[PDB]
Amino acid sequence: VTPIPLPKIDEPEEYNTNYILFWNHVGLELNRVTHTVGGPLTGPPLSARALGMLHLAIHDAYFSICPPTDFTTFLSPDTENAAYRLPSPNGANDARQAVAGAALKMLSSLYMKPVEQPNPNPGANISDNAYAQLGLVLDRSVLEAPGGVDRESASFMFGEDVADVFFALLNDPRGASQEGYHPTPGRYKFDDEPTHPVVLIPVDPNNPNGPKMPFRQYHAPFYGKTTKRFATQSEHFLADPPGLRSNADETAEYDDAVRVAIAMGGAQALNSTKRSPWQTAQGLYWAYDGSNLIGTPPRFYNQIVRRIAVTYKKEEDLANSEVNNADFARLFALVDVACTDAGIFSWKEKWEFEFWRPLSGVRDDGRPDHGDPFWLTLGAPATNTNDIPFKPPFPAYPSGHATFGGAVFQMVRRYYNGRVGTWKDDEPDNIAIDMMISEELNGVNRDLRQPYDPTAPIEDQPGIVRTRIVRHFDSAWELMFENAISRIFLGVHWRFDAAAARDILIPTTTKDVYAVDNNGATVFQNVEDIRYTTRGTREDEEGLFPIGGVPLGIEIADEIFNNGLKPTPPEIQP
């Protein structure tokens, strides 16, 4: 097996001298490699789950050895319910080895070939090479771990024990199954993306150049409603999107959303595209749409959180600081569990509503003066491949990116309020970062002129290089906001998929019609003024509910944090 040459990561080398950060990094490496080889745990929600599981395991292993004062372990060693009973250290006291055991066992269970029956049907789609490439990462990580790995230690064994409990309890082997799901075409209905209506996949993954077969991908249509939640203490719901159910009468809102969609998310060269070059940058920056050597959004969110963590650490020493180890172990557990649950609920709502994506909404509108049957979006970038931009194979409402961002960044905000600055729980923070680079725009990754070559470094492959853009952000509120609107710029999401138009756009004297500049480009509210307060109704439930992914994510993070990271009550699991 020729090891895939992975491009350099843009972050200080010192980060990986901290073992909590190192294992997080390993999880991120597996994330990008699995999306390059087509291995297990691909896609946004499940990749998030993998990281949540990794950090939950690391969290309990560490805090069992170094007991916390302000909170407790996710699982208790005294729980009668075996499924939720955390193993006891019984003498083990090496947190470094405990974390290593937990991290290695969890990642191995997650990414190694499920030979034990699961290979059939479930795993029957991943090649041996895919597993081999992932194994390479796992194996060398043992050798790269700061301080080394001692498999013989009681602490390492304890860590493995911890991981076993979490894997058994939270792993969702067939969670992303689409078997039985089929779109139900109609106005506002999700269906196969018109520029990629079907794909030809090899009949045998182990024989990539052998016979192919048509494939219509629907990403995890049952996951959200069936999977076990992590730390949420209730079910989360969004208001009906414009045009559907109780909000079917919001025609002005919908029509304006169509207008905004065309102007802000169309292909670069279209005469109707009013988006600016900078806005194109904002759109691509947050992509991470499962591309080769890049992975999914959860990977980028963690890259950013790693920087935030180091930037705002209590002690200078990254290698031998228990204060830092505890800080990071807790932060990442909170963040990745929040990200996991954000993925669950955004996917649950996505498939519940089955709201169509902008490309289809614009093309299939049907009204001569409103739609554009030949519209093209900037699209989700097919980076490090010669493939054309596409549309994620799942419904639009709400945006996965928006929800992930709301959860991740609200969690960061709740965690750092009082340390980095002071603000109202729901108001702009001051958690700034600089020198933040997205692998979508790093001067290395590219749009290839020929199919990706996994045996050669990306820089040796002909293609158009993505401009290197080094960013600075003033707060997590800004990160959250830009992450959400990035999908509008790409043309893959409606404004309401992100948040209530009223909460992010500049209003006019005309209801539901928002301000545009002299060129027709949508004007946004200043980040400092944005408040996600506009709620809407649901046909099936009483009351007002949040609109879009951002508010949803915010609520998920707050609920988890408020409860101090505790398991979702078994009684309320699906």
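In this text, residue numbers run from 1 along the sequence as written.
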- Item | Of 493-501 and 176-184, the one with larger mean CA B-factor | 176-184
- Message: On mean Cα temperature factor in this entry, is 530-538 or 22-30 the higher one?
- Response: 530-538
- From 299, 391, 413, 348, can you pick the one with the highest C-alpha B factor in the entry? 391
- Message: In terms of recorded Cα temperature factor, pick the maximum from 271, 276, 486, 79.
- Response: 79
- What third of its chain's C-alpha B-factors does residue 67 belong to: lowest, middle or highest? highest
- Query: If you rank every modelled residue in this chain by C-alpha B factor, which third holds residue 235: lowest, middle or highest?
  - Reply: middle
- Sorting the chain's modelled residues by C-alpha B-factor and splitting them into thirds places residue 140 in the middle
- Note on the structure: Of the three thirds of Cα B-factor ranks in this chain, residue 447 occupies the lowest
- Task: Comparing against every modelled residue in the chain, figure out the third that the C-alpha B-factor of residue 48 lands in (lowest, middle or highest).
- Result: lowest
